[PDB]
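Accompanying notes for the structure given below.
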Amino acid sequence: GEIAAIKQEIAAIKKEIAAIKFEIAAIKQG
Amino acid sequence: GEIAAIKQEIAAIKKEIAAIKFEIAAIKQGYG
Amino acid sequence: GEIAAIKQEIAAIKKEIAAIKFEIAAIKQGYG
């Protein structure tokens, strides 16, 4: 259960990193 | 132990992500 | 190997975050 939750958190963080990289690229366009 | 250390790392990472998102919010509003 | 894989994921995330923090500094930087 603890392991399931930690892996879920890792996936959510990677999801945010992906989101961040797209935001940064949009800012650079300009 | 091992699992505990992994949780501290994940917790510190989450703070860094929150700071980055806010910085990005600030930049898009002309505060950076 | 499974727990080592989780530790690799964490080290990779840390490298991505440091690179992001550099990119944000570069977006912000002026001639100061």
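To be explicit about the labels: the chains of the structure tokens are called A, B, and onward in the order shown, and within each one the residues are counted from 1, while ligands get numbers from 1 in the order they are shown.
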
At most 9 Å to chain B: residues in chain C, only C-alpha atoms, as JSON, numbers by chain: {"C": [6, 7, 10, 13, 14, 17, 20, 21, 24, 27, 28, 29]}

Chain C contacts on chain A, only C-alpha atoms, 9 Å, as a ChimeraX atom specification: /A:7,10,13-14,17,20-21,24,27-28

Written file, previous selection with C-alpha atoms, as a PDB file, in the first residue's frame:
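Output saved as result04.pdb:
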```pdb
ATOM      1  CA  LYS A   7       4.952   5.126  -7.063  1.00  0.00           C
ATOM      2  CA  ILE A  10       6.537   9.630  -8.512  1.00  0.00           C
ATOM      3  CA  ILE A  13       5.827  14.480 -10.166  1.00  0.00           C
ATOM      4  CA  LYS A  14       6.930  13.323 -13.622  1.00  0.00           C
ATOM      5  CA  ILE A  17       7.856  18.014 -14.826  1.00  0.00           C
ATOM      6  CA  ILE A  20       6.690  22.546 -16.556  1.00  0.00           C
ATOM      7  CA  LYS A  21       8.835  21.866 -19.654  1.00  0.00           C
ATOM      8  CA  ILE A  24       9.053  26.972 -20.123  1.00  0.00           C
ATOM      9  CA  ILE A  27       7.842  31.406 -22.374  1.00  0.00           C
ATOM     10  CA  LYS A  28      10.996  31.010 -24.503  1.00  0.00           C
TER      11      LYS A  28
END
```

Superposition of chain C onto chain B by least squares over all sequentially paired C-alpha atoms; the transformed chain is requested as a PDB file with N, CA, C and O atoms, in the first residue's frame.
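New file part.pdb:
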```
ATOM      1  N   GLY C   1      14.315   2.334   7.518  1.00  0.00           N
ATOM      2  CA  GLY C   1      15.127   3.393   6.936  1.00  0.00           C
ATOM      3  C   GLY C   1      15.060   3.463   5.420  1.00  0.00           C
ATOM      4  O   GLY C   1      15.183   4.548   4.839  1.00  0.00           O
ATOM      5  N   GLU C   2      14.892   2.316   4.767  1.00  0.00           N
ATOM      6  CA  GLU C   2      14.731   2.297   3.313  1.00  0.00           C
ATOM      7  C   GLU C   2      13.436   2.988   2.892  1.00  0.00           C
ATOM      8  O   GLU C   2      13.443   3.817   1.988  1.00  0.00           O
ATOM      9  N   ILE C   3      12.329   2.661   3.552  1.00  0.00           N
ATOM     10  CA  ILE C   3      11.048   3.277   3.197  1.00  0.00           C
ATOM     11  C   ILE C   3      11.008   4.752   3.615  1.00  0.00           C
ATOM     12  O   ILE C   3      10.395   5.569   2.929  1.00  0.00           O
ATOM     13  N   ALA C   4      11.673   5.089   4.724  1.00  0.00           N
ATOM     14  CA  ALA C   4      11.843   6.494   5.116  1.00  0.00           C
ATOM     15  C   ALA C   4      12.622   7.280   4.061  1.00  0.00           C
ATOM     16  O   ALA C   4      12.320   8.444   3.801  1.00  0.00           O
ATOM     17  N   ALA C   5      13.614   6.641   3.450  1.00  0.00           N
ATOM     18  CA  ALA C   5      14.408   7.278   2.397  1.00  0.00           C
ATOM     19  C   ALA C   5      13.556   7.617   1.176  1.00  0.00           C
ATOM     20  O   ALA C   5      13.722   8.687   0.592  1.00  0.00           O
ATOM     21  N   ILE C   6      12.643   6.720   0.805  1.00  0.00           N
ATOM     22  CA  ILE C   6      11.706   6.983  -0.300  1.00  0.00           C
ATOM     23  C   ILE C   6      10.784   8.155   0.022  1.00  0.00           C
ATOM     24  O   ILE C   6      10.445   8.942  -0.858  1.00  0.00           O
ATOM     25  N   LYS C   7      10.395   8.269   1.288  1.00  0.00           N
ATOM     26  CA  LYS C   7       9.550   9.370   1.737  1.00  0.00           C
ATOM     27  C   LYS C   7      10.292  10.704   1.774  1.00  0.00           C
ATOM     28  O   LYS C   7       9.679  11.752   1.595  1.00  0.00           O
ATOM     29  N   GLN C   8      11.600  10.669   2.020  1.00  0.00           N
ATOM     30  CA  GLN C   8      12.415  11.885   1.968  1.00  0.00           C
ATOM     31  C   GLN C   8      12.565  12.359   0.542  1.00  0.00           C
ATOM     32  O   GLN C   8      12.491  13.554   0.273  1.00  0.00           O
ATOM     33  N   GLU C   9      12.794  11.413  -0.365  1.00  0.00           N
ATOM     34  CA  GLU C   9      12.912  11.716  -1.786  1.00  0.00           C
ATOM     35  C   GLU C   9      11.660  12.416  -2.290  1.00  0.00           C
ATOM     36  O   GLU C   9      11.744  13.348  -3.089  1.00  0.00           O
ATOM     37  N   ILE C  10      10.509  11.965  -1.805  1.00  0.00           N
ATOM     38  CA  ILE C  10       9.223  12.509  -2.219  1.00  0.00           C
ATOM     39  C   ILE C  10       9.003  13.906  -1.661  1.00  0.00           C
ATOM     40  O   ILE C  10       8.490  14.781  -2.369  1.00  0.00           O
ATOM     41  N   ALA C  11       9.403  14.123  -0.410  1.00  0.00           N
ATOM     42  CA  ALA C  11       9.277  15.442   0.213  1.00  0.00           C
ATOM     43  C   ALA C  11      10.210  16.440  -0.466  1.00  0.00           C
ATOM     44  O   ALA C  11       9.836  17.592  -0.673  1.00  0.00           O
ATOM     45  N   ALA C  12      11.410  15.994  -0.829  1.00  0.00           N
ATOM     46  CA  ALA C  12      12.358  16.845  -1.550  1.00  0.00           C
ATOM     47  C   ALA C  12      11.832  17.208  -2.933  1.00  0.00           C
ATOM     48  O   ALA C  12      11.884  18.372  -3.325  1.00  0.00           O
ATOM     49  N   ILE C  13      11.309  16.229  -3.667  1.00  0.00           N
ATOM     50  CA  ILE C  13      10.701  16.513  -4.969  1.00  0.00           C
ATOM     51  C   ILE C  13       9.576  17.546  -4.830  1.00  0.00           C
ATOM     52  O   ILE C  13       9.454  18.446  -5.656  1.00  0.00           O
ATOM     53  N   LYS C  14       8.769  17.440  -3.780  1.00  0.00           N
ATOM     54  CA  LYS C  14       7.668  18.401  -3.579  1.00  0.00           C
ATOM     55  C   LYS C  14       8.171  19.827  -3.344  1.00  0.00           C
ATOM     56  O   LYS C  14       7.560  20.801  -3.824  1.00  0.00           O
ATOM     57  N   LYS C  15       9.285  19.952  -2.621  1.00  0.00           N
ATOM     58  CA  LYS C  15       9.899  21.271  -2.402  1.00  0.00           C
ATOM     59  C   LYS C  15      10.494  21.831  -3.682  1.00  0.00           C
ATOM     60  O   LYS C  15      10.424  23.039  -3.908  1.00  0.00           O
ATOM     61  N   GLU C  16      11.085  20.970  -4.511  1.00  0.00           N
ATOM     62  CA  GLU C  16      11.627  21.424  -5.800  1.00  0.00           C
ATOM     63  C   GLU C  16      10.505  21.898  -6.719  1.00  0.00           C
ATOM     64  O   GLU C  16      10.637  22.930  -7.384  1.00  0.00           O
ATOM     65  N   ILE C  17       9.401  21.154  -6.740  1.00  0.00           N
ATOM     66  CA  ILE C  17       8.255  21.503  -7.582  1.00  0.00           C
ATOM     67  C   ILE C  17       7.653  22.856  -7.187  1.00  0.00           C
ATOM     68  O   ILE C  17       7.344  23.661  -8.059  1.00  0.00           O
ATOM     69  N   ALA C  18       7.491  23.100  -5.884  1.00  0.00           N
ATOM     70  CA  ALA C  18       6.913  24.370  -5.406  1.00  0.00           C
ATOM     71  C   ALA C  18       7.801  25.546  -5.786  1.00  0.00           C
ATOM     72  O   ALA C  18       7.306  26.617  -6.157  1.00  0.00           O
ATOM     73  N   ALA C  19       9.111  25.344  -5.695  1.00  0.00           N
ATOM     74  CA  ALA C  19      10.069  26.366  -6.100  1.00  0.00           C
ATOM     75  C   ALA C  19       9.992  26.601  -7.609  1.00  0.00           C
ATOM     76  O   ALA C  19       9.991  27.742  -8.046  1.00  0.00           O
ATOM     77  N   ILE C  20       9.905  25.528  -8.398  1.00  0.00           N
ATOM     78  CA  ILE C  20       9.689  25.646  -9.844  1.00  0.00           C
ATOM     79  C   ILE C  20       8.418  26.440 -10.179  1.00  0.00           C
ATOM     80  O   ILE C  20       8.448  27.368 -10.991  1.00  0.00           O
ATOM     81  N   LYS C  21       7.300  26.087  -9.556  1.00  0.00           N
ATOM     82  CA  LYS C  21       6.063  26.832  -9.778  1.00  0.00           C
ATOM     83  C   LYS C  21       6.187  28.318  -9.440  1.00  0.00           C
ATOM     84  O   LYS C  21       5.547  29.153 -10.080  1.00  0.00           O
ATOM     85  N   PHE C  22       7.015  28.654  -8.455  1.00  0.00           N
ATOM     86  CA  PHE C  22       7.306  30.053  -8.165  1.00  0.00           C
ATOM     87  C   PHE C  22       8.114  30.644  -9.311  1.00  0.00           C
ATOM     88  O   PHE C  22       7.806  31.736  -9.793  1.00  0.00           O
ATOM     89  N   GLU C  23       9.153  29.942  -9.765  1.00  0.00           N
ATOM     90  CA  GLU C  23       9.990  30.464 -10.853  1.00  0.00           C
ATOM     91  C   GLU C  23       9.192  30.707 -12.139  1.00  0.00           C
ATOM     92  O   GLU C  23       9.404  31.717 -12.826  1.00  0.00           O
ATOM     93  N   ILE C  24       8.264  29.809 -12.453  1.00  0.00           N
ATOM     94  CA  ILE C  24       7.409  30.015 -13.616  1.00  0.00           C
ATOM     95  C   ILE C  24       6.485  31.233 -13.472  1.00  0.00           C
ATOM     96  O   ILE C  24       6.251  31.963 -14.446  1.00  0.00           O
ATOM     97  N   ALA C  25       5.964  31.456 -12.269  1.00  0.00           N
ATOM     98  CA  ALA C  25       5.142  32.637 -12.015  1.00  0.00           C
ATOM     99  C   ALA C  25       5.967  33.900 -12.223  1.00  0.00           C
ATOM    100  O   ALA C  25       5.479  34.863 -12.819  1.00  0.00           O
ATOM    101  N   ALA C  26       7.218  33.881 -11.754  1.00  0.00           N
ATOM    102  CA  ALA C  26       8.123  35.034 -11.873  1.00  0.00           C
ATOM    103  C   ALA C  26       8.527  35.327 -13.326  1.00  0.00           C
ATOM    104  O   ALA C  26       8.675  36.486 -13.722  1.00  0.00           O
ATOM    105  N   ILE C  27       8.704  34.276 -14.115  1.00  0.00           N
ATOM    106  CA  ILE C  27       8.962  34.428 -15.539  1.00  0.00           C
ATOM    107  C   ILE C  27       7.787  35.110 -16.232  1.00  0.00           C
ATOM    108  O   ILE C  27       7.991  35.989 -17.079  1.00  0.00           O
ATOM    109  N   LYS C  28       6.569  34.712 -15.853  1.00  0.00           N
ATOM    110  CA  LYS C  28       5.336  35.225 -16.469  1.00  0.00           C
ATOM    111  C   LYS C  28       4.918  36.624 -16.016  1.00  0.00           C
ATOM    112  O   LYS C  28       4.236  37.319 -16.757  1.00  0.00           O
ATOM    113  N   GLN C  29       5.321  37.044 -14.816  1.00  0.00           N
ATOM    114  CA  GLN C  29       4.712  38.221 -14.183  1.00  0.00           C
ATOM    115  C   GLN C  29       4.976  39.535 -14.914  1.00  0.00           C
ATOM    116  O   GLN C  29       6.115  39.852 -15.254  1.00  0.00           O
ATOM    117  N   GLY C  30       3.896  40.281 -15.143  1.00  0.00           N
ATOM    118  CA  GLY C  30       3.948  41.625 -15.705  1.00  0.00           C
ATOM    119  C   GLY C  30       3.475  42.627 -14.671  1.00  0.00           C
ATOM    120  O   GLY C  30       3.340  42.302 -13.489  1.00  0.00           O
ATOM    121  N   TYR C  31       3.215  43.847 -15.122  1.00  0.00           N
ATOM    122  CA  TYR C  31       2.766  44.920 -14.252  1.00  0.00           C
ATOM    123  C   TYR C  31       1.242  44.941 -14.059  1.00  0.00           C
ATOM    124  O   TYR C  31       0.735  45.717 -13.242  1.00  0.00           O
ATOM    125  N   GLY C  32       0.529  44.098 -14.811  1.00  0.00           N
ATOM    126  CA  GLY C  32      -0.913  43.872 -14.657  1.00  0.00           C
ATOM    127  C   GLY C  32      -1.737  45.034 -14.137  1.00  0.00           C
ATOM    128  O   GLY C  32      -2.358  45.768 -14.892  1.00  0.00           O
TER     129      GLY C  32
END
```

- prompt: DSSP says alpha helix (DSSP H) for which residues of chain B? Put them as a PyMOL selection string?
  reply: chain B and resi 2-28

Could the residues in this selection be saved with N, CA and C atoms as a tab-separated table (two decimals), in the first residue's frame?
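Listing of again_10.tsv after writing:
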```tsv
chain	number	residue	atom	x	y	z
B	2	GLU	N	15.48	2.66	4.11
B	2	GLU	CA	15.50	2.96	2.68
B	2	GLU	C	14.25	3.71	2.25
B	3	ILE	N	13.10	3.21	2.69
B	3	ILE	CA	11.81	3.72	2.26
B	3	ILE	C	11.62	5.13	2.81
B	4	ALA	N	12.01	5.32	4.07
B	4	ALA	CA	11.93	6.62	4.73
B	4	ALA	C	12.73	7.67	3.98
B	5	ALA	N	13.97	7.34	3.62
B	5	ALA	CA	14.83	8.26	2.88
B	5	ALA	C	14.22	8.65	1.53
B	6	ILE	N	13.60	7.68	0.86
B	6	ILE	CA	12.92	7.92	-0.41
B	6	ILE	C	11.74	8.88	-0.24
B	7	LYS	N	11.04	8.79	0.89
B	7	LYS	CA	9.93	9.71	1.17
B	7	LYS	C	10.40	11.13	1.46
B	8	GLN	N	11.53	11.28	2.16
B	8	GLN	CA	12.07	12.62	2.40
B	8	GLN	C	12.47	13.28	1.08
B	9	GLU	N	13.08	12.50	0.19
B	9	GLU	CA	13.46	12.99	-1.13
B	9	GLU	C	12.25	13.43	-1.93
B	10	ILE	N	11.21	12.61	-1.93
B	10	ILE	CA	9.98	12.94	-2.65
B	10	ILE	C	9.36	14.23	-2.09
B	11	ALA	N	9.35	14.37	-0.76
B	11	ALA	CA	8.83	15.56	-0.11
B	11	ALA	C	9.62	16.82	-0.49
B	12	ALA	N	10.95	16.72	-0.55
B	12	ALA	CA	11.77	17.88	-0.91
B	12	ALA	C	11.56	18.25	-2.38
B	13	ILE	N	11.42	17.23	-3.22
B	13	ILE	CA	11.11	17.43	-4.64
B	13	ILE	C	9.80	18.17	-4.85
B	14	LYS	N	8.78	17.82	-4.07
B	14	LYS	CA	7.47	18.46	-4.21
B	14	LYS	C	7.53	19.96	-3.91
B	15	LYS	N	8.33	20.35	-2.92
B	15	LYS	CA	8.58	21.76	-2.61
B	15	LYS	C	9.27	22.48	-3.77
B	16	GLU	N	10.28	21.85	-4.36
B	16	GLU	CA	10.93	22.41	-5.53
B	16	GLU	C	9.95	22.59	-6.71
B	17	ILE	N	9.06	21.63	-6.93
B	17	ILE	CA	8.07	21.75	-8.01
B	17	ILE	C	7.13	22.93	-7.76
B	18	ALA	N	6.71	23.09	-6.51
B	18	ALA	CA	5.81	24.19	-6.16
B	18	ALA	C	6.49	25.55	-6.34
B	19	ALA	N	7.77	25.63	-6.03
B	19	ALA	CA	8.50	26.89	-6.20
B	19	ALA	C	8.64	27.23	-7.69
B	20	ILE	N	8.96	26.22	-8.49
B	20	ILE	CA	9.06	26.37	-9.94
B	20	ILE	C	7.75	26.83	-10.58
B	21	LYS	N	6.63	26.20	-10.21
B	21	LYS	CA	5.32	26.59	-10.78
B	21	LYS	C	4.97	28.03	-10.45
B	22	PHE	N	5.23	28.43	-9.21
B	22	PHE	CA	4.98	29.80	-8.76
B	22	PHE	C	5.85	30.79	-9.46
B	23	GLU	N	7.13	30.44	-9.63
B	23	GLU	CA	8.06	31.30	-10.37
B	23	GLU	C	7.53	31.49	-11.78
B	24	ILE	N	7.10	30.40	-12.40
B	24	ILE	CA	6.50	30.46	-13.74
B	24	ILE	C	5.25	31.36	-13.74
B	25	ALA	N	4.38	31.22	-12.73
B	25	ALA	CA	3.24	32.12	-12.61
B	25	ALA	C	3.68	33.58	-12.53
B	26	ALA	N	4.69	33.84	-11.70
B	26	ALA	CA	5.21	35.20	-11.50
B	26	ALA	C	5.78	35.83	-12.77
B	27	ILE	N	6.58	35.05	-13.50
B	27	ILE	CA	7.14	35.48	-14.78
B	27	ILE	C	6.05	35.84	-15.79
B	28	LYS	N	5.02	35.01	-15.90
B	28	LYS	CA	3.94	35.29	-16.86
B	28	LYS	C	3.14	36.54	-16.50
```
